[PDB]
Amino acid sequence: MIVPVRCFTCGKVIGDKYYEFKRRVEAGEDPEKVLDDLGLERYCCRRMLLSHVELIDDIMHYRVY
Amino acid sequence: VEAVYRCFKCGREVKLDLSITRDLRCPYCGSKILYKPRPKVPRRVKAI
Amino acid sequence: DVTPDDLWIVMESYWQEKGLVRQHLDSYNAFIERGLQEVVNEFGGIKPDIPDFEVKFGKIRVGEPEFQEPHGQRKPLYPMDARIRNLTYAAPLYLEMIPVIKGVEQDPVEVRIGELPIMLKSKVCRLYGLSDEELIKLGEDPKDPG
Ligand SMILES: [Zn+2]
Ligand SMILES: [Zn+2]
């Protein structure tokens, strides 16, 4: 549910760039420019950041012990 | 033998024995559901 | 003129205001509101094998979802507990009986005639009108339509 550590296709580490991308996009910057700045040229990597969902917060509230 | 259990709702610690207890109850909040906690022993998981 | 991208804004409000399962909730709410009283008024009353005593029916009232514990008293019930303890999410059904002695009516009496299962998120369920925080605290998915 949390952001994947590595890109599925080419194995590049993109786990640490998700929050940066989200915060920058929310500020109104061009998503393409932000992705290029972060250093993701192959669209295989860009897909992981663009299509991700953060469901960990939604499923965190129910505990099982 | 006496065993350890956790409440479903309040998540507190509740101790009782099923073979004797005629009425399961959480004394702190009255919940009728209890969990069996994870034992404190190491387990090995393969990262593959 | 208007544009399809504008009509989309209007159309979205339809699903925004009214859920996707309204055809169940509306019918069940109408049932609770009127159908019980109508089906009771259809029968009218009960006339046993008695010389000069009979009972005519009155109003119907349905209470909150509750459960009579075997070792305790009636307690409030929630859907999570009901579906974990293999219970049945139902509420008590109350009926008023009017006794008639020799053609005159006596004081009404209210009795329990049974339990009626409650459709979730209906106008009588405990989840009605709750915010997402409360539903989270009750162990429910806030996106559940009921
Ligand atoms: Zn990649
Ligand atoms: Zn408890």
# chains A, B, ... in the order shown; residues from 1 in each chain; ligands from 1
>>> residues_near_ligand(ligand="ligand 2", cutoff="7 Å", atoms="only C-alpha atoms and all ligand atoms", output="list in words")
residues 7, 8, 9, 10, 11, 12, 26, 27, 28, 29, 30 and 31 of chain B
>>> residues_near_ligand(ligand="ligand 1", cutoff="10 Å", atoms="only C-alpha atoms and all ligand atoms", output="ChimeraX atom specification")
/A:6-14,40-48
>>> write_last_selection(atoms="N, CA and C atoms", output="tab-separated table (two decimals), in the first residue's frame")
chain	number	residue	atom	x	y	z
A	6	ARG	N	11.41	0.25	-5.37
A	6	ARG	CA	12.10	0.26	-6.65
A	6	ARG	C	11.09	0.19	-7.78
A	7	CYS	N	11.46	0.79	-8.91
A	7	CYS	CA	10.65	0.67	-10.11
A	7	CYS	C	10.56	-0.78	-10.54
A	8	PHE	N	9.36	-1.21	-10.92
A	8	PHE	CA	9.15	-2.61	-11.24
A	8	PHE	C	9.97	-3.04	-12.45
A	9	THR	N	10.06	-2.17	-13.46
A	9	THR	CA	10.66	-2.57	-14.73
A	9	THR	C	12.18	-2.58	-14.66
A	10	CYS	N	12.78	-1.42	-14.38
A	10	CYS	CA	14.23	-1.27	-14.48
A	10	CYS	C	14.93	-1.30	-13.14
A	11	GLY	N	14.20	-1.36	-12.03
A	11	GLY	CA	14.83	-1.51	-10.74
A	11	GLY	C	15.41	-0.25	-10.14
A	12	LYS	N	15.22	0.90	-10.78
A	12	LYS	CA	15.71	2.15	-10.21
A	12	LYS	C	14.99	2.45	-8.90
A	13	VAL	N	15.72	2.97	-7.93
A	13	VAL	CA	15.15	3.31	-6.63
A	13	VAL	C	14.37	4.61	-6.77
A	14	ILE	N	13.07	4.56	-6.51
A	14	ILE	CA	12.22	5.73	-6.61
A	14	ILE	C	11.39	5.88	-5.34
A	40	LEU	N	13.90	11.27	-13.67
A	40	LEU	CA	13.20	10.09	-14.17
A	40	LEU	C	12.87	10.34	-15.64
A	41	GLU	N	13.73	9.85	-16.52
A	41	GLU	CA	13.52	10.07	-17.95
A	41	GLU	C	12.71	8.95	-18.59
A	42	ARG	N	12.96	7.70	-18.21
A	42	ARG	CA	12.19	6.60	-18.75
A	42	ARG	C	10.79	6.62	-18.16
A	43	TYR	N	9.77	6.44	-19.01
A	43	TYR	CA	8.41	6.51	-18.50
A	43	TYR	C	8.06	5.33	-17.61
A	44	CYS	N	8.84	4.25	-17.65
A	44	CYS	CA	8.61	3.15	-16.73
A	44	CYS	C	8.73	3.62	-15.29
A	45	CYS	N	9.69	4.50	-15.01
A	45	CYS	CA	9.82	5.05	-13.66
A	45	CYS	C	8.73	6.07	-13.38
A	46	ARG	N	8.41	6.91	-14.36
A	46	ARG	CA	7.41	7.95	-14.14
A	46	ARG	C	6.05	7.37	-13.81
A	47	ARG	N	5.73	6.21	-14.39
A	47	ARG	CA	4.43	5.59	-14.12
A	47	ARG	C	4.27	5.25	-12.65
A	48	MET	N	5.33	4.75	-12.02
A	48	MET	CA	5.23	4.35	-10.62
A	48	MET	C	4.88	5.54	-9.73
>>> closest_atom_pairs(of="chain B", to="chain C", cutoff="9 Å", atoms="only C-alpha atoms", output="JSON lines")
{"residue": "B:9", "atom": "CA", "partner": "C:138", "partner_atom": "CA", "distance": 9.0}
{"residue": "B:22", "atom": "CA", "partner": "C:71", "partner_atom": "CA", "distance": 8.8}
{"residue": "B:23", "atom": "CA", "partner": "C:71", "partner_atom": "CA", "distance": 6.8}
{"residue": "B:32", "atom": "CA", "partner": "C:81", "partner_atom": "CA", "distance": 8.8}
{"residue": "B:33", "atom": "CA", "partner": "C:85", "partner_atom": "CA", "distance": 8.2}
>>> closest_residue(among="C:98, C:91, C:136, C:40", to="residue 67 of chain C", atoms="only C-alpha atoms")
C:91
>>> interface_residues(of="chain A", to="chain C", cutoff="12 Å", atoms="only C-alpha atoms", output="PyMOL selection string")
chain A and resi 57-64
>>> write_last_selection(atoms="N, CA, C and O atoms", output="short mmCIF file (atom, residue, chain, number, x, y, z; two decimals), in the first residue's frame")
data_model
loop_
_atom_site.label_atom_id
_atom_site.label_comp_id
_atom_site.auth_asym_id
_atom_site.auth_seq_id
_atom_site.Cartn_x
_atom_site.Cartn_y
_atom_site.Cartn_z
N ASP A 57 -2.39 4.97 5.15
CA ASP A 57 -3.11 5.77 6.12
C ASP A 57 -4.54 5.27 6.29
O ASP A 57 -5.07 5.25 7.41
N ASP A 58 -5.18 4.88 5.19
CA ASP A 58 -6.55 4.41 5.27
C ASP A 58 -6.64 3.10 6.04
O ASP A 58 -7.59 2.89 6.80
N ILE A 59 -5.68 2.20 5.85
CA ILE A 59 -5.74 0.90 6.50
C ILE A 59 -5.02 0.86 7.84
O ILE A 59 -4.99 -0.19 8.49
N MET A 60 -4.45 1.98 8.28
CA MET A 60 -3.68 1.99 9.52
C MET A 60 -4.56 2.03 10.76
O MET A 60 -4.09 1.67 11.85
N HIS A 61 -5.82 2.44 10.64
CA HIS A 61 -6.63 2.71 11.81
C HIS A 61 -7.16 1.46 12.50
O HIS A 61 -7.55 1.53 13.67
N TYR A 62 -7.18 0.32 11.81
CA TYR A 62 -7.70 -0.91 12.39
C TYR A 62 -6.53 -1.79 12.82
O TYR A 62 -5.72 -2.20 11.99
N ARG A 63 -6.46 -2.08 14.12
CA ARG A 63 -5.36 -2.83 14.70
C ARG A 63 -5.84 -4.21 15.13
O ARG A 63 -7.02 -4.42 15.40
N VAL A 64 -4.90 -5.15 15.18
CA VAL A 64 -5.24 -6.54 15.42
C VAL A 64 -4.54 -7.14 16.63
O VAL A 64 -5.02 -8.15 17.17
#
>>> residues_around(residues="residue 36 of chain B", least_positions_apart="4", cutoff="9 Å", atoms="only C-alpha atoms", output="VMD selection string")
(chain A and resid 65) or (chain B and resid 4 to 7)
>>> residues_around(residues="residue 146 of chain C", least_positions_apart="2", cutoff="8 Å", atoms="only C-alpha atoms", output="number ranges by chain")
C: 21, 119-122, 144
>>> closest_residue(among="B:24, B:34, B:3, B:41", to="chain A", atoms="only C-alpha atoms")
B:34
>>> select_by_dssp(residues="chain A", states="alpha helix (DSSP H)", output="PyMOL selection string")
chain A and resi 18-26+31-38+43-50+56-59
>>> write_last_selection(atoms="N, CA and C atoms", output="PDB file, in the first residue's frame")
ATOM      1  N   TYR A  18       8.769  10.021  -3.803  1.00  0.00           N
ATOM      2  CA  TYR A  18       7.329  10.177  -3.966  1.00  0.00           C
ATOM      3  C   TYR A  18       6.812  11.407  -3.234  1.00  0.00           C
ATOM      4  N   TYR A  19       7.195  11.571  -1.968  1.00  0.00           N
ATOM      5  CA  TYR A  19       6.679  12.690  -1.188  1.00  0.00           C
ATOM      6  C   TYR A  19       7.139  14.017  -1.766  1.00  0.00           C
ATOM      7  N   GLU A  20       8.388  14.078  -2.225  1.00  0.00           N
ATOM      8  CA  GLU A  20       8.888  15.284  -2.870  1.00  0.00           C
ATOM      9  C   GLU A  20       8.034  15.637  -4.079  1.00  0.00           C
ATOM     10  N   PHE A  21       7.755  14.643  -4.922  1.00  0.00           N
ATOM     11  CA  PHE A  21       6.944  14.869  -6.112  1.00  0.00           C
ATOM     12  C   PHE A  21       5.546  15.342  -5.744  1.00  0.00           C
ATOM     13  N   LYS A  22       4.927  14.701  -4.754  1.00  0.00           N
ATOM     14  CA  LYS A  22       3.573  15.078  -4.366  1.00  0.00           C
ATOM     15  C   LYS A  22       3.532  16.508  -3.850  1.00  0.00           C
ATOM     16  N   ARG A  23       4.470  16.861  -2.971  1.00  0.00           N
ATOM     17  CA  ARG A  23       4.476  18.206  -2.410  1.00  0.00           C
ATOM     18  C   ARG A  23       4.729  19.252  -3.485  1.00  0.00           C
ATOM     19  N   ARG A  24       5.653  18.976  -4.407  1.00  0.00           N
ATOM     20  CA  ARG A  24       5.931  19.943  -5.462  1.00  0.00           C
ATOM     21  C   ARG A  24       4.737  20.109  -6.392  1.00  0.00           C
ATOM     22  N   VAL A  25       4.063  19.011  -6.740  1.00  0.00           N
ATOM     23  CA  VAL A  25       2.912  19.109  -7.630  1.00  0.00           C
ATOM     24  C   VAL A  25       1.778  19.865  -6.955  1.00  0.00           C
ATOM     25  N   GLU A  26       1.554  19.611  -5.664  1.00  0.00           N
ATOM     26  CA  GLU A  26       0.509  20.336  -4.949  1.00  0.00           C
ATOM     27  C   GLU A  26       0.775  21.834  -4.939  1.00  0.00           C
ATOM     28  N   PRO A  31       3.956  19.063 -13.582  1.00  0.00           N
ATOM     29  CA  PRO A  31       4.400  17.708 -13.215  1.00  0.00           C
ATOM     30  C   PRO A  31       5.530  17.190 -14.081  1.00  0.00           C
ATOM     31  N   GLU A  32       5.519  17.508 -15.374  1.00  0.00           N
ATOM     32  CA  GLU A  32       6.590  17.052 -16.249  1.00  0.00           C
ATOM     33  C   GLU A  32       7.928  17.649 -15.836  1.00  0.00           C
ATOM     34  N   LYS A  33       7.944  18.944 -15.522  1.00  0.00           N
ATOM     35  CA  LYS A  33       9.184  19.583 -15.094  1.00  0.00           C
ATOM     36  C   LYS A  33       9.674  19.001 -13.777  1.00  0.00           C
ATOM     37  N   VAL A  34       8.753  18.726 -12.853  1.00  0.00           N
ATOM     38  CA  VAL A  34       9.138  18.146 -11.569  1.00  0.00           C
ATOM     39  C   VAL A  34       9.755  16.770 -11.771  1.00  0.00           C
ATOM     40  N   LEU A  35       9.119  15.940 -12.596  1.00  0.00           N
ATOM     41  CA  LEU A  35       9.650  14.604 -12.837  1.00  0.00           C
ATOM     42  C   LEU A  35      11.015  14.669 -13.506  1.00  0.00           C
ATOM     43  N   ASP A  36      11.189  15.584 -14.460  1.00  0.00           N
ATOM     44  CA  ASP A  36      12.494  15.730 -15.097  1.00  0.00           C
ATOM     45  C   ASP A  36      13.546  16.188 -14.096  1.00  0.00           C
ATOM     46  N   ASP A  37      13.175  17.092 -13.191  1.00  0.00           N
ATOM     47  CA  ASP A  37      14.111  17.557 -12.175  1.00  0.00           C
ATOM     48  C   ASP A  37      14.536  16.401 -11.280  1.00  0.00           C
ATOM     49  N   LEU A  38      13.577  15.583 -10.846  1.00  0.00           N
ATOM     50  CA  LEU A  38      13.906  14.466  -9.969  1.00  0.00           C
ATOM     51  C   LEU A  38      14.799  13.437 -10.647  1.00  0.00           C
ATOM     52  N   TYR A  43       9.774   6.439 -19.006  1.00  0.00           N
ATOM     53  CA  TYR A  43       8.410   6.509 -18.505  1.00  0.00           C
ATOM     54  C   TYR A  43       8.057   5.330 -17.612  1.00  0.00           C
ATOM     55  N   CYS A  44       8.841   4.254 -17.654  1.00  0.00           N
ATOM     56  CA  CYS A  44       8.611   3.150 -16.731  1.00  0.00           C
ATOM     57  C   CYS A  44       8.731   3.617 -15.289  1.00  0.00           C
ATOM     58  N   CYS A  45       9.692   4.496 -15.009  1.00  0.00           N
ATOM     59  CA  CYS A  45       9.818   5.045 -13.664  1.00  0.00           C
ATOM     60  C   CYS A  45       8.734   6.072 -13.380  1.00  0.00           C
ATOM     61  N   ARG A  46       8.406   6.909 -14.364  1.00  0.00           N
ATOM     62  CA  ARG A  46       7.412   7.951 -14.139  1.00  0.00           C
ATOM     63  C   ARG A  46       6.049   7.366 -13.815  1.00  0.00           C
ATOM     64  N   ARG A  47       5.726   6.207 -14.386  1.00  0.00           N
ATOM     65  CA  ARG A  47       4.431   5.590 -14.124  1.00  0.00           C
ATOM     66  C   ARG A  47       4.265   5.251 -12.650  1.00  0.00           C
ATOM     67  N   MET A  48       5.327   4.751 -12.016  1.00  0.00           N
ATOM     68  CA  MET A  48       5.234   4.354 -10.616  1.00  0.00           C
ATOM     69  C   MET A  48       4.877   5.537  -9.730  1.00  0.00           C
ATOM     70  N   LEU A  49       5.491   6.691  -9.975  1.00  0.00           N
ATOM     71  CA  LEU A  49       5.172   7.868  -9.182  1.00  0.00           C
ATOM     72  C   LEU A  49       3.826   8.463  -9.555  1.00  0.00           C
ATOM     73  N   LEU A  50       3.440   8.384 -10.825  1.00  0.00           N
ATOM     74  CA  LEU A  50       2.216   9.041 -11.253  1.00  0.00           C
ATOM     75  C   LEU A  50       0.965   8.283 -10.833  1.00  0.00           C
ATOM     76  N   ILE A  56      -1.897   3.303   2.990  1.00  0.00           N
ATOM     77  CA  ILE A  56      -1.425   2.890   4.305  1.00  0.00           C
ATOM     78  C   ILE A  56      -2.131   3.684   5.394  1.00  0.00           C
ATOM     79  N   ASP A  57      -2.386   4.970   5.147  1.00  0.00           N
ATOM     80  CA  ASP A  57      -3.112   5.774   6.123  1.00  0.00           C
ATOM     81  C   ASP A  57      -4.538   5.275   6.289  1.00  0.00           C
ATOM     82  N   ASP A  58      -5.178   4.883   5.189  1.00  0.00           N
ATOM     83  CA  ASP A  58      -6.553   4.407   5.267  1.00  0.00           C
ATOM     84  C   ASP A  58      -6.644   3.098   6.035  1.00  0.00           C
ATOM     85  N   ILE A  59      -5.676   2.197   5.848  1.00  0.00           N
ATOM     86  CA  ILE A  59      -5.743   0.895   6.505  1.00  0.00           C
ATOM     87  C   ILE A  59      -5.022   0.864   7.842  1.00  0.00           C
TER      88      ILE A  59
END
>>> residues_around(residues="residue 63 of chain C", least_positions_apart="4", cutoff="10 Å", atoms="only C-alpha atoms", output="MDAnalysis selection string")
chainID C and resid 90:94 115:116 124:125
>>> write_last_selection(atoms="C-alpha atoms", output="compact mmCIF listing (two decimals), in the first residue's frame")
# COMPACT_ATOMS: atom_id res chain seq x y z
CA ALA C 90 -31.96 -6.56 14.41
CA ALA C 91 -34.03 -4.20 16.54
CA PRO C 92 -36.96 -4.83 18.88
CA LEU C 93 -40.45 -4.41 17.45
CA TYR C 94 -43.12 -2.94 19.73
CA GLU C 115 -37.21 -8.46 16.22
CA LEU C 116 -36.88 -6.99 12.73
CA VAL C 124 -32.78 3.50 12.16
CA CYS C 125 -29.30 1.94 12.00
>>> residues_around(residues="residue 97 of chain C", least_positions_apart="5", cutoff="8 Å", atoms="only C-alpha atoms", output="VMD selection string")
chain C and resid 55 to 58 108 to 111
>>> write_last_selection(atoms="N, CA and C atoms", output="short mmCIF file (atom, residue, chain, number, x, y, z; two decimals), in the first residue's frame")
data_model
loop_
_atom_site.label_atom_id
_atom_site.label_comp_id
_atom_site.auth_asym_id
_atom_site.auth_seq_id
_atom_site.Cartn_x
_atom_site.Cartn_y
_atom_site.Cartn_z
N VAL C 55 -59.18 -7.83 21.40
CA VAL C 55 -58.09 -6.86 21.37
C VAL C 55 -58.02 -6.26 19.97
N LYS C 56 -57.99 -4.94 19.90
CA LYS C 56 -57.77 -4.22 18.65
C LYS C 56 -56.37 -3.62 18.66
N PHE C 57 -55.73 -3.63 17.50
CA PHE C 57 -54.33 -3.25 17.41
C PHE C 57 -54.18 -1.73 17.39
N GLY C 58 -52.98 -1.28 17.74
CA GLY C 58 -52.67 0.14 17.75
C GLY C 58 -51.48 0.49 16.88
N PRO C 108 -54.25 1.10 26.93
CA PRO C 108 -53.37 0.39 26.00
C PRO C 108 -52.21 -0.27 26.71
N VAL C 109 -51.70 -1.34 26.10
CA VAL C 109 -50.55 -2.07 26.60
C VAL C 109 -49.58 -2.30 25.45
N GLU C 110 -48.30 -2.07 25.69
CA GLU C 110 -47.26 -2.23 24.69
C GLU C 110 -46.48 -3.50 24.97
N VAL C 111 -46.32 -4.34 23.95
CA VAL C 111 -45.66 -5.63 24.08
C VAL C 111 -44.60 -5.76 23.00
#
>>> residues_around(residues="residue 17 of chain B", least_positions_apart="2", cutoff="7 Å", atoms="only C-alpha atoms", output="PDB file with C-alpha atoms, in the first residue's frame")
ATOM      1  CA  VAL B   1      -3.580 -22.724  33.043  1.00  0.00           C
ATOM      2  CA  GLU B   2      -4.037 -18.953  33.172  1.00  0.00           C
ATOM      3  CA  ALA B   3      -3.348 -17.214  29.852  1.00  0.00           C
ATOM      4  CA  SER B  19     -12.100 -23.594  30.931  1.00  0.00           C
ATOM      5  CA  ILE B  20     -13.490 -21.864  34.040  1.00  0.00           C
ATOM      6  CA  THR B  21     -14.880 -18.530  32.834  1.00  0.00           C
TER       7      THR B  21
END
